[PDB]
Amino acid sequence: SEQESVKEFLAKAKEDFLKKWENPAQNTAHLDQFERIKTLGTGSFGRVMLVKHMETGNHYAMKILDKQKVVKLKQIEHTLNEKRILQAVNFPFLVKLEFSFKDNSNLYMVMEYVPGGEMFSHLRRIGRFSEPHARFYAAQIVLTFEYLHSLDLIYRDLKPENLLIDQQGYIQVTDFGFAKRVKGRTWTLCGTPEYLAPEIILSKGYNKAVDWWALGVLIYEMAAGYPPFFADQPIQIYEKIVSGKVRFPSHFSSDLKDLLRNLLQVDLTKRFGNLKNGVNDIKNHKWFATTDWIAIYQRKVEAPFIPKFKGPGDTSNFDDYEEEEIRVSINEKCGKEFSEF
Amino acid sequence: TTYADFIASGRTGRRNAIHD
Ligand SMILES: CC1(C)CCCN(c2ccc(O)c(C(=O)c3ccc(C(=O)N[C@@H]4CCCNC[C@H]4NC(=O)c4ccncc4)cc3)c2)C1
């Protein structure tokens, strides 16, 4: 009856997501309603900036994507997935999209500003998280994945760079560029090398189980300070993953080791998350015994780390990036391609 | 140590995703 009201919560969440998935919101703001302040991050096609919505005074993070660049790299269908999925989802550990729109040159997504910075930044500075600290984050991701997969979504880019820490020390997952709504199997060779499941590297065609592999990679990385498979070139990394020989630090508890040996399981019939009991194999695992799943969902557990936040619109938890004046062309580019945006 | 090797690797910065 514990896993009975999860069933019911999730059935209602599916209903909410489908309404929004089938009829997506478009054109709910305009660029000139926002003052741009600072670049909080970059990618191939654009950037994410701190902005201030001027009618409310609220701060947001606004992703900006250059339409021509997206097309040149053959990413039209993925950027349409990103926005379509993001406008439709609603979970406490998924960044909330407030507005989206486009102009002649760009696509824009305005999300909740998450001022704590990327887990990445903190993970590299401290060196490594203790197990209770990594457990706290890891459980949020367990629930997010339970949420996403029940909606038939695969996330596919789990890593510290994509987990933003909010004002209460909880996670907000960002960057849904590789997220996809699929029943059955898919084949795109995408993701971050260190995090790729073995089946992706091998062109098997794969499913939501690659997200559980990636969870294993993250937990290790949070608890060790480095990932289980690294080398200077991607090809060397794939070789390490496909072999699947993991060594653990002498400090990892035996519970943690056993959890990871099950998550980083090359054999899909043995891998946790992918079996008859799905996600409960992970939740009832010994390493998670101190974890109160409902209290996590409700944000009632005290975080072990709350970031310094000196005012709204402060960016000292993020790195500095080179800025660049947006230019909006006088002619529409790639109109037909992004009509649904 | 493995940590020292990680820190001397070129993979401690932000990691970009791949595409075919
Ligand atoms: C791997 C590729 C070269 C080819 C295949 C698909 N790719 C892809 C797909 C979808 C996309 O939207 C993009 C992008 O161009 C893009 C553009 C900008 C960003 C970006 O700046 N995101 C930041 C920085 C990277 C790490 N993730 C955290 C993210 N920050 C945030 O989202 C954030 C939100 C709220 N408050 C603070 C921060 C990320 C991605 C790129 C790029």
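Protein chains get the first letters and strands the later ones, always in sequence-line order, with residue 1 at the start of each. Hydrogens, waters and symmetry mates play no part in the numbers below; they use all other heavy atoms, side chains included.
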Checklist entry - Do you know which of A:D319, A:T192, A:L73, A:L189 has the most heavy-atom pairs under 4.5 Å to chain B? => result A:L189
Item to check | Which atoms of B:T2 approach chain A - backbone, side chain, both or neither, heavy atom under 4.5 Å | outcome: both
Next on the checklist: Could you report the tightest heavy-atom contact between B:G10 and A:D232, atom names first, then the distance?
Outcome noted: N-OD1, 2.9 Å
Next on the checklist: Which label fits A:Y226 and B:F6: parallel for a plane angle under 30°, tilted from 30 to 60°, or perpendicular past 60°?
Outcome noted: tilted
Item to check | Which atom of A:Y238 lies closest to which atom of B:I18, heavy atoms considered | outcome: OH-CG2, 3.8 Å
Checklist entry - Any idea which heavy atoms bring A:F120 and B:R14 closest together, and the distance? => result CZ-N, 3.6 Å
Item to check | Over 12 non-hydrogen atoms of neighbours within 6.0 angstrom of NZ in A:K257 | outcome: yes
Checklist entry - Between atom CG of B:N16 and atom CD of A:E161, what is the distance when rounded to the nearest 0.5 Å? => result 8.5 Å
Next on the checklist: Nearest 0.5 angstrom please: B:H19 NE2 to A:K74 NZ, how far?
Outcome noted: 10.5 Å
Item to check | Minimum heavy-atom distance B:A17-A:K159, with the two atoms named | outcome: N-NZ, 4.1 Å
Checklist entry - Side chains of B:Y3 and A:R128: closer than 4.5 Å at any heavy-atom pair? => result no
Next on the checklist: So does B:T12 get a backbone contact from the side chain of A:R124, meaning a donor-acceptor N/O pair under 3.5 Å?
Outcome noted: yes
Next on the checklist: Measuring from atom CD of A:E194 to atom CZ of B:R11, what distance do you get when rounded to the nearest 0.5 angstrom?
Outcome noted: 4.5 Å
